[PDB]
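Neighbour counts are summed over all protein chains in view; Cβ atoms, including those assigned to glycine, are modelled from backbone coordinates with ideal geometry. Derivation of every value follows stated rules applied to the coordinates shown; laboratory data play no part.
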Amino acid sequence: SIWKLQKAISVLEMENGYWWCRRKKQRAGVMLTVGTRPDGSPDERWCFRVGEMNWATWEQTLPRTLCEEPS
Amino acid sequence: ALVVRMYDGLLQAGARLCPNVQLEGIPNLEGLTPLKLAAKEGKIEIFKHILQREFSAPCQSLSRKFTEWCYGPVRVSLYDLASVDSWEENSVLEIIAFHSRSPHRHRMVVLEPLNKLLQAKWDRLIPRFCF
Amino acid sequence: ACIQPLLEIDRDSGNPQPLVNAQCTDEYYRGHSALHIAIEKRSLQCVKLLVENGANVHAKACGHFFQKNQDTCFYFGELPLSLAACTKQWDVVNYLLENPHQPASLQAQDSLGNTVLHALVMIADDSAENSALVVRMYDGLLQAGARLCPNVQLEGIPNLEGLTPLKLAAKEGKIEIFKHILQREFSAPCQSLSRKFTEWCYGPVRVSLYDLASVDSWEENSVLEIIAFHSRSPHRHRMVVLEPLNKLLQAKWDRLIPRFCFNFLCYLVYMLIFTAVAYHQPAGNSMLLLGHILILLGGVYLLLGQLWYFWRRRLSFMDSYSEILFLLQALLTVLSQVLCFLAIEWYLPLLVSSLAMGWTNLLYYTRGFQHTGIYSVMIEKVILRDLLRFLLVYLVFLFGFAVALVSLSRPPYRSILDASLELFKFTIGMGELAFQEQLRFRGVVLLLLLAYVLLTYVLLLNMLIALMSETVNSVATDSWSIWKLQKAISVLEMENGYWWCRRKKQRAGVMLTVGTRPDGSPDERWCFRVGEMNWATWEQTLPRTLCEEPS
Amino acid sequence: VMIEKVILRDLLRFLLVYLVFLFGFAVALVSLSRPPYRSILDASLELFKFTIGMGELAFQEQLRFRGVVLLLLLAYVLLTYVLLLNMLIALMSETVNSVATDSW
Ligand SMILES: C=C(C)[C@]12C[C@@H](C)[C@@]34O[C@](Cc5ccccc5)(O[C@@H]1[C@@H]3C=C(COC(=O)Cc1ccc(O)c(OC)c1)C[C@]1(O)C(=O)C(C)=C[C@@H]41)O2
């Protein structure tokens, strides 16, 4: 964990930029419409994907998705 | 357990009363939304609850964890990055790394939306570190 | 509801290519099909409907989502039956086998060559429920294949690399199913699939048999050579301690101790003659030229032998750690005697270094005894863990303080390595002659010495706590398994024989008649015996024996 | 009791391996010595003085070579450090998986 923390501080400091060049950073993640908000417009948010594997899915239940087709 | 129960139910009642208000966005006098305050004070389990939070059909929009698609044993889960990404000034990662004072700052980084995110940024920016 | 009228519109239109038999076209889901969706959506009824309309039960999903090593991809093979097998839907498999239209065949292979059993091995990784599901599905599919086709034996069908599911099951490091395959007994309706029997059980003592059809090293490409020279998983040392392997390796190791001791003694004679040649280097020229010829032939012999070994079985450090040293040592000795016959005036340090390296390389043969065998495994674990990184950090410290002392020194401390020797001789306690008096400031060198001593103390203490941390959190039943694996490596090497002498190696185990085949002739197998003592025999019923009188 | 357990567990392996190291390096040094390194006993005495810390080292400088001698002595000291660490970690592994009833 301490190794992950020091790597985090390092990658954030390198993402900030050096002293003679303050750089306009980049957003990360996918922006899409997730759902519909109760006041008019649909819900439009930025997202991050995590792909995960589990084997207890059959006896448990499947929830509702955002896109039916995997893409 | 009582805190996550009261928090979720109180957010549902706030959804039912006034829809125009966004309750998790209101800052304190320090300028802090409550997720950021939960990160700054070093409170663990409630922070883990807020980062991965799902709700039922009458209030979908409150929820943060979305499934893009599930196909058998493999699943693709979406996490929101509305306050996590360091693109905006004063992000939760920036609070953990710099502005905090808690002695458990290493414990909160192995969580689900931070782990693969820092993995992706570090593997994106190896070559300038080598340079 | 709309599907059967939609397929009815597809049929009534008179289409040459039907709708249900249609493939996705992209790279990512190449060759995906409707039936795979019907299976993955847990629907028996839609599978029944699609089978009634004429769906292809061999729709080969050969896409980029279906390869093994791409990120977030699900490998199951490409067959629909494979998918229904992997996703633990039993009745779907039974319907796909026993439908009246377009029946499934278990002998079918994917584009990668795997059948249903191979992919079913591929998807098992680790749990209680995963392994129980995989083993139960495996046995049920074997029984259904037995009743469906009595023609072929299903476990004989090889992969594109040439693997049956036992061999690939060991190659990928899947352990629990592999243990299940090596000791597998079935019931009376189909007992001819089993591999374990009981010869006789005289109360609490019993003699189990095991089949060795692909486990003995007599046959080409056995499980032994796959565990030793092909398996890359870090759990191989758990895959050696199994039940019908241990008896076989003990029998072969006690069968061929004497060739090991003989070759050890010959190597000791080689090093003693090399010791005499190196000491009496300096009539006696007859003995010296005999030493030339003897060490030349020995170095040629071992150099060619280890070159042949390096060519034969290699496809990555600590496992092959032993042979590299003998190859380099033999190359050093042959090069030294080559330059000596050339008289190139470089042969004396090569000779002394070869003598040193050869006497240090004698610890290969400490694996015969367990008391030094565990010691040699600990030496290798020291060599893997901390030594390289610690030496790199030490070179950083050494070079930094040595260049500091050189640049501080304006007749001691003349050059870089000529001061680096002073810096290293200072760490053991032979450092001397401070206050060099060639410049005003010497407290500089005083503080440099203090800093170097304290930081080297810190680095040795860090190496100590790293060794303790790595050694304390590991099971005591690990080094013994590593020793058994290393003995297995050595005994298979000696069973290979010499390189100048191709041996006619022999089969192991007793051939007997284990039973009858369901087609005619009696089943005769080669088998390995194993005795066992079980004082819980009176709880259960007695198993089916071959010969009642204990032989 | 721990004296007897340590001598019984360490000597008959460790001194044998260490003796192979000392004998090989001593014959190597006598060979590479073409008044220092006079006899085999004195050479083994010098090589054990480097285990006590009294060995006097210098460049040969009119001989076969000097840095070969230096690198061999480096290899000797570092490998004996390796073996002492090995004896320590083996004794700690035997000490870790033990019970408080046994020595009593
Ligand atoms: C492959 C490795 C790791 C190695 C190759 C050579 C260069 C080696 O330096 C090392 C690096 C080193 C140097 C000095 C001290 C420690 C380590 O150690 C061995 C290697 C270190 C020694 C001792 O070898 C061992 O580690 C014990 C050993 C040898 C052979 C085995 O089959 C074995 O397994 C049981 C164990 C042998 C040397 O060849 C030697 O005596 C001289 C002349 C150089 C030694 O590199």
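Across the residues of D:88-95, average count of Cβ atoms on other protein chains within 10 Å?
On the way: counts 3, 9, 4, 0, 4, 8, 1, 0.
Mean shielding count: 4.
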Only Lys, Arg (+1) and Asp, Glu (-1) charged, at Cβ; the range C:179-246 dipole about Cα centre in debye: 380
C:47, C:207 arranged by Cβ crowding within 10 Å, fewest neighbours leading: C:207, C:47
Neighbour-count order for C:60, C:68, fewest beta carbons within 10 angstrom listed first: C:68, C:60
Inter-part distance where the range C:353-426 and the range B:39-76 are each reduced to a Cα centre, Å: 53
C-alpha long axis of helix B:112-124 to longest principal axis of chain B, angle in °: 30
Under the Karplus curve 6.51 cos²θ - 1.76 cosθ + 1.60, θ = phi - 60°, whole-Hz ³J(HN,Hα) for the range B:34-42, x wherever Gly or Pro sits: x, 5, 5, 5, 5, 6, 6, 6, x
Test item: C:351-359 mean partner chain Cβ contacts at 10 Å: 6
The range B:70-75 - phi-based ³J(HN,Hα) in whole Hz, Karplus 6.51/-1.76/1.60, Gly and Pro as x: 10, 9, x, x, 9, 9
A:19, C:480, C:500 arranged by Cβ crowding within 10 Å, fewest neighbours leading: A:19, C:500, C:480
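Please label the shape of the protein assembly as shown as rounded, prolate or oblate, based on the square roots a ≥ b ≥ c of the eigenvalues of the alpha-carbon gyration tensor (a/c under 1.5 means rounded; beyond that, a/b larger than b/c means prolate, else oblate).
Values: a/c = 2.34, a/b = 1.29, b/c = 1.82.
Oblate, since a/c reaches 1.5 and b/c is not below a/b.
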Residues with amide H under 5 Å from that of residue B:63, placed H, sequence gap 5 or more: B:55
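Mind putting a number on the dipole of the protein assembly as shown about its Cα centre? Charges go on the C-beta only, +1 for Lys and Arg and -1 for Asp and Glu, and I need it in Debye to the nearest 20.
Numbers: 84 positive and 80 negative charges, 386 e Å.
Approximately 1860 debye in magnitude.
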Calculated FRET value between residue C:440 and residue C:345, using beta carbons and R₀ = 51 Å, to 0.05: 0.65
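What FRET efficiency do you get for residue C:259 and residue C:478 if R0 is 35 Å and r is their Cβ-Cβ distance, rounded to the nearest 0.05?
Numbers: r = 29 Å, r/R0 = 0.82.
Between residue C:259 and residue C:478 the formula returns 0.75.
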Neighbouring partner chain Cβ atoms per residue of D:16-24, average, 10 Å criterion: 4
